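What follows is the content of model.txt (compact mmCIF, C-alpha atoms (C1' of nucleotides)).
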```txt
# COMPACT_ATOMS: atom_id res chain seq x y z
CA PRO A 48 -33.91 23.75 -29.09
CA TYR A 49 -30.50 23.55 -27.44
CA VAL A 50 -29.11 22.50 -24.07
CA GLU A 51 -27.79 24.81 -21.39
CA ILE A 52 -25.35 23.59 -18.77
CA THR A 53 -26.97 25.23 -15.78
CA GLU A 54 -24.55 23.92 -13.19
CA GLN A 55 -21.10 23.00 -14.27
CA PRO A 56 -19.08 20.20 -12.80
CA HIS A 57 -16.68 21.32 -10.15
CA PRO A 58 -13.27 21.07 -11.91
CA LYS A 59 -11.34 19.69 -8.88
CA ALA A 60 -13.58 17.89 -6.43
CA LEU A 61 -13.53 14.20 -7.19
CA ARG A 62 -10.84 11.62 -7.42
CA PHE A 63 -11.18 9.37 -10.44
CA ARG A 64 -11.11 5.71 -9.48
CA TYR A 65 -9.69 2.71 -11.33
CA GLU A 66 -11.82 -0.37 -11.95
CA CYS A 67 -9.31 -2.18 -9.74
CA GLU A 68 -10.51 -0.05 -6.80
CA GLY A 69 -14.00 -1.55 -6.79
CA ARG A 70 -15.92 1.53 -5.64
CA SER A 71 -19.00 3.50 -6.74
CA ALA A 72 -16.55 6.17 -7.93
CA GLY A 73 -18.67 8.74 -6.10
CA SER A 74 -20.46 11.75 -7.51
CA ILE A 75 -19.21 14.91 -9.19
CA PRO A 76 -20.31 17.98 -7.27
CA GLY A 77 -21.35 21.16 -9.03
CA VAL A 78 -19.21 24.32 -9.15
CA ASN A 79 -21.39 25.81 -6.46
CA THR A 80 -21.49 22.78 -4.16
CA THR A 81 -21.73 24.30 -0.72
CA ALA A 82 -21.31 23.34 2.93
CA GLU A 83 -24.94 22.93 3.92
CA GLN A 84 -26.28 22.75 0.35
CA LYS A 85 -24.57 20.22 -1.93
CA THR A 86 -24.99 20.64 -5.69
CA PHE A 87 -24.59 18.56 -8.86
CA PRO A 88 -24.16 19.19 -12.68
CA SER A 89 -27.34 20.00 -14.49
CA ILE A 90 -28.63 20.76 -17.93
CA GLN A 91 -31.77 22.41 -19.24
CA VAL A 92 -33.23 22.07 -22.71
CA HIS A 93 -34.61 25.19 -24.34
CA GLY A 94 -36.95 25.66 -27.26
CA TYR A 95 -38.75 22.36 -26.66
CA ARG A 96 -41.05 20.47 -24.32
CA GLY A 97 -41.62 16.78 -24.72
CA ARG A 98 -39.80 13.48 -24.41
CA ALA A 99 -36.02 13.69 -24.57
CA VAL A 100 -33.17 11.56 -23.42
CA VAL A 101 -29.59 12.56 -22.75
CA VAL A 102 -26.37 10.69 -23.29
CA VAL A 103 -23.42 11.72 -21.21
CA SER A 104 -19.91 10.51 -21.93
CA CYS A 105 -16.34 11.68 -21.46
CA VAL A 106 -14.69 13.58 -24.27
CA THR A 107 -11.21 15.14 -24.28
CA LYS A 108 -10.57 18.63 -22.72
CA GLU A 109 -8.77 18.87 -25.98
CA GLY A 110 -9.93 20.79 -29.10
CA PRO A 111 -13.35 22.13 -30.19
CA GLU A 112 -13.67 18.77 -31.99
CA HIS A 113 -13.41 16.88 -28.70
CA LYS A 114 -12.83 13.14 -29.04
CA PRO A 115 -14.14 10.19 -27.01
CA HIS A 116 -12.11 10.10 -23.86
CA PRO A 117 -11.37 6.53 -22.69
CA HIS A 118 -12.62 7.14 -19.17
CA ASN A 119 -15.96 5.52 -18.27
CA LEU A 120 -18.78 7.24 -16.45
CA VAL A 121 -20.37 5.08 -13.82
CA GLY A 122 -23.40 5.93 -11.72
CA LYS A 123 -26.36 4.31 -9.96
CA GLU A 124 -28.42 6.05 -12.62
CA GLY A 125 -28.28 5.07 -16.33
CA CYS A 126 -24.60 4.19 -16.78
CA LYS A 127 -23.79 1.27 -19.07
CA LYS A 128 -20.53 0.68 -20.96
CA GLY A 129 -18.97 3.86 -19.55
CA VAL A 130 -21.71 5.79 -21.24
CA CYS A 131 -24.56 7.06 -19.25
CA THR A 132 -28.06 7.52 -20.65
CA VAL A 133 -31.09 9.06 -18.86
CA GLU A 134 -34.51 10.43 -19.85
CA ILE A 135 -35.22 14.12 -19.13
CA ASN A 136 -38.28 15.40 -17.21
CA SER A 137 -40.73 15.95 -20.08
CA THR A 138 -42.16 19.15 -18.58
CA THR A 139 -39.44 20.89 -16.59
CA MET A 140 -36.94 19.94 -19.32
CA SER A 141 -34.05 19.63 -16.85
CA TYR A 142 -31.97 16.92 -15.30
CA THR A 143 -29.55 17.08 -12.48
CA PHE A 144 -26.79 14.47 -12.40
CA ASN A 145 -26.54 13.60 -8.74
CA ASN A 146 -24.76 10.25 -9.23
CA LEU A 147 -22.19 10.67 -12.01
CA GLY A 148 -18.73 9.28 -11.30
CA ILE A 149 -15.57 8.99 -13.34
CA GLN A 150 -13.81 5.67 -13.58
CA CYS A 151 -10.42 6.15 -15.11
CA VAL A 152 -8.99 3.68 -17.52
CA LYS A 153 -5.25 3.21 -17.10
CA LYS A 154 -2.78 3.46 -20.07
CA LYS A 155 -2.61 -0.30 -20.77
CA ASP A 156 -6.37 -0.23 -21.24
CA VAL A 157 -6.90 3.01 -23.18
CA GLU A 158 -7.05 1.15 -26.50
CA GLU A 159 -9.55 -1.67 -25.65
CA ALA A 160 -11.63 1.04 -23.95
CA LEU A 161 -11.78 3.34 -26.97
CA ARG A 162 -12.29 0.14 -28.92
CA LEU A 163 -15.52 -0.33 -26.93
CA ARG A 164 -16.68 3.32 -27.11
CA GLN A 165 -16.65 2.70 -30.90
CA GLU A 166 -18.79 -0.52 -30.71
CA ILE A 167 -21.31 1.39 -28.56
CA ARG A 168 -21.14 4.06 -31.36
CA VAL A 169 -20.64 7.01 -29.01
CA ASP A 170 -18.77 9.71 -30.87
CA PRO A 171 -20.23 13.13 -30.15
CA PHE A 172 -18.17 15.22 -32.54
CA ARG A 173 -17.55 12.73 -35.41
CA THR A 174 -13.91 12.34 -34.56
CA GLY A 175 -13.47 8.63 -35.22
CA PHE A 176 -11.04 6.63 -33.15
CA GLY A 177 -7.77 7.72 -34.67
CA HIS A 178 -6.52 8.59 -31.22
CA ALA A 179 -6.74 4.90 -30.16
CA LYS A 180 -3.46 4.19 -32.06
CA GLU A 181 -1.63 7.10 -30.32
CA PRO A 182 -2.61 6.39 -26.66
CA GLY A 183 -0.11 8.62 -24.82
CA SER A 184 -1.47 11.70 -26.58
CA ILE A 185 -4.60 11.48 -24.43
CA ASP A 186 -4.40 13.29 -21.11
CA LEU A 187 -5.67 10.82 -18.51
CA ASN A 188 -6.07 13.54 -15.89
CA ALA A 189 -8.72 15.69 -17.45
CA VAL A 190 -12.01 15.16 -19.19
CA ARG A 191 -15.18 16.99 -19.97
CA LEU A 192 -18.69 15.60 -19.75
CA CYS A 193 -20.46 15.49 -23.08
CA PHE A 194 -24.22 15.91 -23.14
CA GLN A 195 -25.82 14.66 -26.32
CA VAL A 196 -29.52 15.36 -26.17
CA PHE A 197 -32.05 13.58 -28.38
CA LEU A 198 -35.65 14.72 -28.87
CA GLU A 199 -38.44 12.20 -29.41
CA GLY A 200 -38.94 12.05 -33.18
CA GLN A 201 -42.18 11.43 -35.04
CA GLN A 202 -41.66 7.70 -34.56
CA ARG A 203 -43.13 7.57 -31.04
CA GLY A 204 -40.72 6.15 -28.47
CA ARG A 205 -37.69 6.64 -30.72
CA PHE A 206 -35.47 9.57 -29.67
CA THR A 207 -34.39 10.59 -33.10
CA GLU A 208 -33.75 14.31 -33.32
CA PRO A 209 -30.35 15.09 -31.96
CA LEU A 210 -29.61 18.54 -30.62
CA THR A 211 -25.99 19.62 -30.95
CA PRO A 212 -23.56 18.11 -28.39
CA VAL A 213 -22.63 20.51 -25.65
CA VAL A 214 -19.40 20.21 -23.75
CA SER A 215 -18.79 21.05 -20.08
CA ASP A 216 -15.85 22.88 -18.60
CA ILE A 217 -12.87 20.71 -17.86
CA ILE A 218 -12.89 18.26 -14.95
CA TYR A 219 -9.40 17.56 -13.52
CA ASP A 220 -8.46 14.43 -11.54
CA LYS A 221 -8.03 15.56 -7.96
CA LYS A 222 -4.73 14.08 -6.68
CA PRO B 48 32.52 -30.61 2.46
CA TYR B 49 30.50 -27.44 3.00
CA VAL B 50 30.21 -24.03 1.38
CA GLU B 51 31.49 -20.78 2.81
CA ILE B 52 30.03 -17.46 1.75
CA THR B 53 33.29 -15.58 1.35
CA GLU B 54 31.78 -12.30 0.22
CA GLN B 55 28.28 -11.51 1.21
CA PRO B 56 25.86 -9.58 -0.90
CA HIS B 57 25.68 -5.94 -0.04
CA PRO B 58 22.29 -5.65 1.76
CA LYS B 59 21.29 -2.27 0.21
CA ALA B 60 22.99 -1.64 -3.11
CA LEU B 61 20.70 -2.74 -5.90
CA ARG B 62 17.21 -1.85 -6.91
CA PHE B 63 15.10 -4.86 -7.79
CA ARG B 64 13.48 -4.51 -11.19
CA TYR B 65 10.11 -5.71 -12.45
CA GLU B 66 9.84 -7.77 -15.62
CA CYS B 67 7.85 -4.82 -17.00
CA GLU B 68 11.04 -2.72 -16.80
CA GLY B 69 12.87 -4.75 -19.43
CA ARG B 70 16.40 -4.40 -18.04
CA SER B 71 19.33 -6.69 -17.18
CA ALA B 72 18.43 -6.03 -13.52
CA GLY B 73 22.10 -5.28 -12.90
CA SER B 74 24.49 -7.01 -10.54
CA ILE B 75 24.56 -7.33 -6.76
CA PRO B 76 27.77 -5.89 -5.35
CA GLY B 77 29.55 -7.50 -2.42
CA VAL B 78 29.56 -6.05 1.10
CA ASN B 79 33.04 -4.74 0.48
CA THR B 80 32.41 -3.27 -2.97
CA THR B 81 34.75 -0.32 -3.10
CA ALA B 82 35.35 2.84 -5.13
CA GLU B 83 38.25 1.69 -7.27
CA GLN B 84 37.77 -2.03 -6.58
CA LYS B 85 34.25 -3.37 -7.17
CA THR B 86 33.31 -6.69 -5.55
CA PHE B 87 30.68 -9.41 -5.93
CA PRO B 88 29.19 -12.30 -3.78
CA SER B 89 31.30 -15.39 -3.66
CA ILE B 90 31.33 -18.86 -2.22
CA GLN B 91 34.06 -21.40 -1.57
CA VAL B 92 33.62 -25.12 -1.11
CA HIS B 93 35.67 -26.81 1.58
CA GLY B 94 36.53 -30.43 2.17
CA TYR B 95 36.38 -31.32 -1.52
CA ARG B 96 38.03 -30.82 -4.90
CA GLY B 97 36.35 -31.95 -8.07
CA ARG B 98 33.35 -31.17 -10.24
CA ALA B 99 30.55 -29.28 -8.52
CA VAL B 100 27.73 -27.09 -9.62
CA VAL B 101 25.83 -24.50 -7.64
CA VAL B 102 22.20 -23.50 -7.74
CA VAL B 103 21.35 -20.06 -6.52
CA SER B 104 17.77 -18.96 -5.88
CA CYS B 105 15.89 -16.52 -3.68
CA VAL B 106 14.55 -17.75 -0.38
CA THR B 107 12.76 -15.71 2.30
CA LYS B 108 14.73 -13.60 4.88
CA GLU B 109 12.23 -15.35 7.02
CA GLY B 110 12.89 -18.32 9.37
CA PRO B 111 15.76 -20.87 9.56
CA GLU B 112 13.51 -23.00 7.31
CA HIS B 113 13.61 -20.34 4.58
CA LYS B 114 11.05 -20.83 1.80
CA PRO B 115 11.28 -20.21 -1.96
CA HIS B 116 10.93 -16.51 -2.44
CA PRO B 117 8.94 -15.61 -5.58
CA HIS B 118 11.59 -13.24 -6.90
CA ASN B 119 13.59 -14.47 -9.90
CA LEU B 120 17.34 -14.21 -10.26
CA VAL B 121 18.42 -13.14 -13.70
CA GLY B 122 21.97 -12.86 -14.96
CA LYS B 123 24.03 -13.17 -18.15
CA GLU B 124 25.47 -16.26 -16.49
CA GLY B 125 23.39 -19.42 -15.85
CA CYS B 126 19.98 -17.97 -14.97
CA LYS B 127 16.92 -19.85 -16.23
CA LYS B 128 13.42 -19.78 -14.73
CA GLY B 129 14.49 -17.35 -11.99
CA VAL B 130 16.90 -19.96 -10.81
CA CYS B 131 20.50 -19.63 -11.61
CA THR B 132 22.83 -22.60 -12.06
CA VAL B 133 26.63 -22.49 -12.64
CA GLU B 134 29.54 -24.96 -12.46
CA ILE B 135 32.31 -24.24 -9.91
CA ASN B 136 36.04 -24.08 -10.76
CA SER B 137 37.05 -27.71 -10.18
CA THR B 138 40.41 -26.78 -8.63
CA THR B 139 40.06 -23.45 -6.85
CA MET B 140 36.60 -24.53 -5.64
CA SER B 141 35.24 -20.98 -5.70
CA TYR B 142 32.85 -18.93 -7.75
CA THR B 143 32.21 -15.26 -7.74
CA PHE B 144 28.78 -14.09 -8.88
CA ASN B 145 29.57 -11.01 -10.91
CA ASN B 146 26.26 -10.92 -12.82
CA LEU B 147 23.46 -11.83 -10.41
CA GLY B 148 20.40 -9.59 -10.49
CA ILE B 149 17.07 -9.67 -8.72
CA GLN B 150 13.89 -9.38 -10.73
CA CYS B 151 10.99 -8.80 -8.42
CA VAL B 152 7.67 -10.40 -9.01
CA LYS B 153 4.76 -8.13 -8.10
CA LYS B 154 1.88 -9.28 -5.80
CA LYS B 155 -0.52 -10.27 -8.61
CA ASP B 156 2.17 -12.65 -9.85
CA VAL B 157 3.52 -14.13 -6.60
CA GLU B 158 1.35 -17.23 -6.95
CA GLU B 159 2.07 -18.21 -10.62
CA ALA B 160 5.74 -17.54 -9.81
CA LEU B 161 5.89 -19.83 -6.79
CA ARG B 162 3.82 -22.17 -8.94
CA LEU B 163 6.78 -22.27 -11.35
CA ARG B 164 9.51 -22.54 -8.68
CA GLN B 165 7.68 -25.79 -7.74
CA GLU B 166 7.66 -27.20 -11.34
CA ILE B 167 11.41 -26.48 -11.55
CA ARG B 168 11.60 -28.38 -8.18
CA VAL B 169 13.70 -25.74 -6.41
CA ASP B 170 13.00 -25.96 -2.71
CA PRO B 171 16.19 -25.67 -0.68
CA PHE B 172 14.80 -26.31 2.78
CA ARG B 173 11.89 -28.72 2.03
CA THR B 174 9.28 -26.13 2.80
CA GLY B 175 6.73 -26.94 0.11
CA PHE B 176 4.65 -24.19 -1.39
CA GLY B 177 2.17 -23.58 1.38
CA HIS B 178 3.04 -19.91 1.28
CA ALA B 179 1.67 -19.63 -2.30
CA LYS B 180 -1.91 -19.59 -0.88
CA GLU B 181 -1.07 -16.78 1.61
CA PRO B 182 0.72 -14.32 -0.76
CA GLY B 183 0.74 -11.16 1.38
CA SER B 184 2.70 -12.94 4.10
CA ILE B 185 5.79 -12.83 1.87
CA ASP B 186 7.89 -9.70 2.21
CA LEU B 187 8.56 -8.52 -1.35
CA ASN B 188 11.33 -6.17 -0.22
CA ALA B 189 13.84 -8.60 1.13
CA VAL B 190 15.36 -11.86 0.07
CA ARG B 191 18.41 -13.96 0.65
CA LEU B 192 20.40 -15.82 -1.97
CA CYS B 193 20.37 -19.55 -1.48
CA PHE B 194 23.41 -21.54 -2.58
CA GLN B 195 22.70 -25.22 -3.05
CA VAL B 196 25.92 -26.96 -3.97
CA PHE B 197 26.02 -30.39 -5.61
CA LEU B 198 29.13 -32.55 -5.88
CA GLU B 199 29.69 -34.81 -8.87
CA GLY B 200 28.52 -38.26 -7.76
CA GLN B 201 29.89 -41.61 -8.84
CA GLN B 202 27.72 -41.43 -11.95
CA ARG B 203 30.14 -39.27 -13.97
CA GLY B 204 28.57 -36.03 -15.19
CA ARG B 205 25.67 -36.25 -12.74
CA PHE B 206 25.96 -33.81 -9.82
CA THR B 207 24.35 -35.97 -7.24
CA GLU B 208 25.74 -35.32 -3.79
CA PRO B 209 24.13 -32.28 -2.32
CA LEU B 210 25.93 -30.31 0.35
CA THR B 211 23.65 -28.52 2.80
CA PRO B 212 22.02 -25.29 1.52
CA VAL B 213 23.66 -22.19 2.85
CA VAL B 214 21.81 -18.93 3.14
CA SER B 215 23.24 -15.42 2.69
CA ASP B 216 22.57 -12.37 4.81
CA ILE B 217 19.47 -10.47 3.87
CA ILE B 218 19.32 -8.37 0.71
CA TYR B 219 16.89 -5.42 0.94
CA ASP B 220 15.30 -3.67 -2.06
CA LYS B 221 16.97 -0.30 -2.31
CA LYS B 222 14.21 2.32 -2.75
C1' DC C 1 -18.66 2.81 2.89
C1' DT C 2 -15.99 7.53 1.66
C1' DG C 3 -11.90 10.83 1.34
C1' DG C 4 -7.48 10.96 0.67
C1' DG C 5 -2.54 9.45 2.00
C1' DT C 6 0.87 5.57 0.98
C1' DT C 7 2.85 1.84 -1.05
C1' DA C 8 3.80 -0.63 -5.29
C1' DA C 9 4.41 -0.82 -9.95
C1' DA C 10 5.80 1.67 -14.12
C1' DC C 11 7.92 4.68 -16.28
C1' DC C 12 11.50 8.00 -17.72
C1' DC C 13 15.05 11.57 -17.23
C1' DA C 14 19.61 12.80 -16.75
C1' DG C 15 24.66 11.29 -16.90
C1' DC D 1 22.48 1.47 -21.28
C1' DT D 2 22.48 2.48 -15.81
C1' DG D 3 21.02 4.82 -11.33
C1' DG D 4 17.50 6.61 -9.23
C1' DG D 5 13.51 10.14 -9.07
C1' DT D 6 8.48 10.58 -10.59
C1' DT D 7 4.22 9.43 -12.18
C1' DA D 8 0.54 6.05 -12.26
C1' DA D 9 -1.84 2.44 -10.41
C1' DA D 10 -3.21 0.01 -6.20
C1' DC D 11 -4.05 -0.28 -2.03
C1' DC D 12 -5.55 0.86 2.71
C1' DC D 13 -6.14 3.61 6.91
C1' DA D 14 -8.73 6.59 9.54
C1' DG D 15 -13.39 8.94 10.31
```
Re-express the file's structure as structure tokens.
Amino acid sequence: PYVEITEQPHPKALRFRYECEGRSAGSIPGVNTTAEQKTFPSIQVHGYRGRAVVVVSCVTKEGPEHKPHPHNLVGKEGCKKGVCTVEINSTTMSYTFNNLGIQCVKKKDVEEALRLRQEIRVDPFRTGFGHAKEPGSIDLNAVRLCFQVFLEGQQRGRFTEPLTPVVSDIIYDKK
Amino acid sequence: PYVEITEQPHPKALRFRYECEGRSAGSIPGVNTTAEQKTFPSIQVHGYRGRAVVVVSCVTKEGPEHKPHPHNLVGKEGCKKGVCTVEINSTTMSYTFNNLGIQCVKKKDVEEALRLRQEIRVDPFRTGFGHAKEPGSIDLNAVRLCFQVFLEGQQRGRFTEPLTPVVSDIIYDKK
DNA sequence: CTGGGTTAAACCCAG
DNA sequence: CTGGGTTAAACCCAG
């Protein structure tokens, strides 16, 4: 059981918006988004069929041990506290993120933001929040979507078994 | 007794700085500031010789009934609460503002600022603070220096007699 | 409402 | 430290 990123986020097709802009932030197209056929990022679990949720959050482009990136993910579907959580189709085993937007935190706020990511307890690679002290070290123009998948356990209704976090190609703030 | 603006502020020779920039804001040269001979704004009282202080503050470029402009004047000499107060040479009857800088308030702060100008009670033309409600109406790229001169009264040490406020030519934020 | 240019606010480099 | 360009953050126009 592992997750495959079947359609990668287009690396330069969405402007990140600040909270001060009061928008929906939009949606991140897929690499293959086309003229008459729009696309969106999508994953696919392998080796397993059953209940399984997915947590998506921003991690740094930076290092194999990517760290929580301050930026919040907002979206009509499942996004709370910059983290976005949705349940996967229990038979097809795939999900397509059609409303996943990136709301960029500005420098002044990086700390309080990372402060919150910690409360929520979202830390894909067990990186801790050391980077919250050194805020300028974080590149606020690039991120990667992190997909942490959790299989239903044995304790019915409790998604307990975590598959290994999978990181997407880098997404760069478009102008 | 009236005040003459003997050397007018150069209209385009100083960048206004935000409080967030943590500088001295500089000094406003005079219209005639030259290569080997730098100049600065200056006034001259006429019709009177004696004690007399001067209050300088920013008013709008706008209308003969200029209103308190949010921007604060800072300067090594006499500037407190964006308002700057200095005592005039009791014999020559002139003062030359060699350290008068303009610290620009940003939109978010216009209100609280004008709020404060009111507390201080600086309102040259009896305009009230109606403009504090409509903050976008104020052009944050131009100001005029207002020189309110007060003659010593009869109550020794109390500058009581106000001469009529005199307004300087417009000063425009340089890039 | 959305994409995307423009102004404003911050920041920072060179002298 | 200063002048003044540049990035970041806000804002806003056109479609």
inquiry  = So that I can check the surroundings of residue D:4, please list as an MDAnalysis selection string every protein, DNA and RNA residue that reaches within 10 Å of it, counting all atoms listed in the file and ignoring chain neighbours fewer than 2 positions away.
reply    = (chainID B and resid 62 221:222) or (chainID C and resid 13:14) or (chainID D and resid 2 6)
note = Counting all atoms listed in the file, the residue among A:71, A:119, A:136, A:55 that lies closest to residue A:92 is A:136
Using all atoms listed in the file, I'd like a table of the residues in chain A that come within 8 Å of chain D; for each, show the closest atom pair and its distance in Å rounded to one decimal, ordered by chain and ascending number, as JSON lines.
```
{"residue": "A:65", "atom": "CA", "partner": "D:9", "partner_atom": "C1'", "distance": 7.9}
{"residue": "A:67", "atom": "CA", "partner": "D:10", "partner_atom": "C1'", "distance": 7.4}
{"residue": "A:68", "atom": "CA", "partner": "D:10", "partner_atom": "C1'", "distance": 7.3}
{"residue": "A:153", "atom": "CA", "partner": "D:9", "partner_atom": "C1'", "distance": 7.5}
```
Deliver the residues from the most recent selection as a file, using C-alpha atoms, as a short mmCIF file (atom, residue, chain, number, x, y, z; two decimals), keeping the file's coordinate frame.
```
data_model
loop_
_atom_site.label_atom_id
_atom_site.label_comp_id
_atom_site.auth_asym_id
_atom_site.auth_seq_id
_atom_site.Cartn_x
_atom_site.Cartn_y
_atom_site.Cartn_z
CA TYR A 65 -9.69 2.71 -11.33
CA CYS A 67 -9.31 -2.18 -9.74
CA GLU A 68 -10.51 -0.05 -6.80
CA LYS A 153 -5.25 3.21 -17.10
#
```
query = Any idea what's packed within 7 Å of stretch 158-164 of chain A, counting all atoms listed in the file, ignoring anything in its chain fewer than 2 positions away? Could you give it as a PyMOL selection string?
reply = chain A and resi 117+156+166-169+179+182
message = Would you compute the distance between atom CA of residue A:54 and atom CA of residue A:80? Give it in Å to one decimal.
response =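 Computed distance, atom CA of residue A:54 to atom CA of residue A:80, equals 9.6 Å.
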key: Atom-to-atom span, atom CA of residue A:73 and atom CA of residue A:101, Å   = 20.3 Å
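For the pair atom CA of residue A:209 and atom CA of residue A:77, the separation is 25.4 Å.
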Hey, could you pull the box centre and edge lengths for stretch 5-15 of chain C, axis-aligned, 8 Å padding per side, all listed atoms, to one decimal in Å, as AutoDock Vina command-line options?
```
--center_x 11.1 --center_y 6.0 --center_z -7.9 --size_x 43.2 --size_y 29.6 --size_z 35.7
```
message = Need the shell around stretch 173-178 of chain A: protein/DNA/RNA residues with any atom at most 8 Å away, counting all atoms listed in the file. Skip same-chain ones fewer than 5 positions apart. Format as a ChimeraX atom specification?
response = /A:112-115,161-162,165,184-185
key: Selection near residue A:78, 10 Å with all atoms listed in the file, sequence-local residues under 3 positions removed, as number ranges by chain   = A: 54-60, 75, 81, 85-88
Is there a way to complete stretch 52-64 of chain B with N, CA and C atoms and then write that out as a PDB file, keeping the file's coordinate frame?
```
ATOM      1  N   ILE B  52      30.378 -18.649   2.504  1.00  0.00           N
ATOM      2  CA  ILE B  52      30.030 -17.460   1.750  1.00  0.00           C
ATOM      3  C   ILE B  52      31.106 -16.435   2.019  1.00  0.00           C
ATOM      4  N   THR B  53      32.140 -16.458   1.191  1.00  0.00           N
ATOM      5  CA  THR B  53      33.290 -15.580   1.350  1.00  0.00           C
ATOM      6  C   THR B  53      33.065 -14.092   1.164  1.00  0.00           C
ATOM      7  N   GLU B  54      32.091 -13.716   0.353  1.00  0.00           N
ATOM      8  CA  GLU B  54      31.780 -12.300   0.220  1.00  0.00           C
ATOM      9  C   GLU B  54      30.295 -12.273   0.082  1.00  0.00           C
ATOM     10  N   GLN B  55      29.706 -11.640   1.078  1.00  0.00           N
ATOM     11  CA  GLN B  55      28.280 -11.510   1.210  1.00  0.00           C
ATOM     12  C   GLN B  55      27.718 -10.400   0.377  1.00  0.00           C
ATOM     13  N   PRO B  56      26.495 -10.599  -0.094  1.00  0.00           N
ATOM     14  CA  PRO B  56      25.860  -9.580  -0.900  1.00  0.00           C
ATOM     15  C   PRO B  56      25.634  -8.334  -0.082  1.00  0.00           C
ATOM     16  N   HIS B  57      25.904  -7.196  -0.702  1.00  0.00           N
ATOM     17  CA  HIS B  57      25.680  -5.940  -0.040  1.00  0.00           C
ATOM     18  C   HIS B  57      24.167  -5.926   0.126  1.00  0.00           C
ATOM     19  N   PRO B  58      23.695  -5.696   1.357  1.00  0.00           N
ATOM     20  CA  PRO B  58      22.290  -5.650   1.760  1.00  0.00           C
ATOM     21  C   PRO B  58      21.417  -4.490   1.252  1.00  0.00           C
ATOM     22  N   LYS B  59      22.025  -3.460   0.674  1.00  0.00           N
ATOM     23  CA  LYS B  59      21.290  -2.270   0.210  1.00  0.00           C
ATOM     24  C   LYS B  59      21.983  -1.580  -0.955  1.00  0.00           C
ATOM     25  N   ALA B  60      22.294  -2.301  -2.019  1.00  0.00           N
ATOM     26  CA  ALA B  60      22.990  -1.640  -3.110  1.00  0.00           C
ATOM     27  C   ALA B  60      22.460  -1.911  -4.497  1.00  0.00           C
ATOM     28  N   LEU B  61      21.257  -2.455  -4.584  1.00  0.00           N
ATOM     29  CA  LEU B  61      20.700  -2.740  -5.900  1.00  0.00           C
ATOM     30  C   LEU B  61      19.201  -2.662  -5.867  1.00  0.00           C
ATOM     31  N   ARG B  62      18.644  -1.936  -6.823  1.00  0.00           N
ATOM     32  CA  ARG B  62      17.210  -1.850  -6.910  1.00  0.00           C
ATOM     33  C   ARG B  62      16.772  -3.077  -7.680  1.00  0.00           C
ATOM     34  N   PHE B  63      15.703  -3.684  -7.188  1.00  0.00           N
ATOM     35  CA  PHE B  63      15.100  -4.860  -7.790  1.00  0.00           C
ATOM     36  C   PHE B  63      14.274  -4.300  -8.938  1.00  0.00           C
ATOM     37  N   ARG B  64      14.239  -5.009 -10.057  1.00  0.00           N
ATOM     38  CA  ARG B  64      13.480  -4.510 -11.190  1.00  0.00           C
ATOM     39  C   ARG B  64      12.367  -5.458 -11.570  1.00  0.00           C
TER      40      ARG B  64
END
```
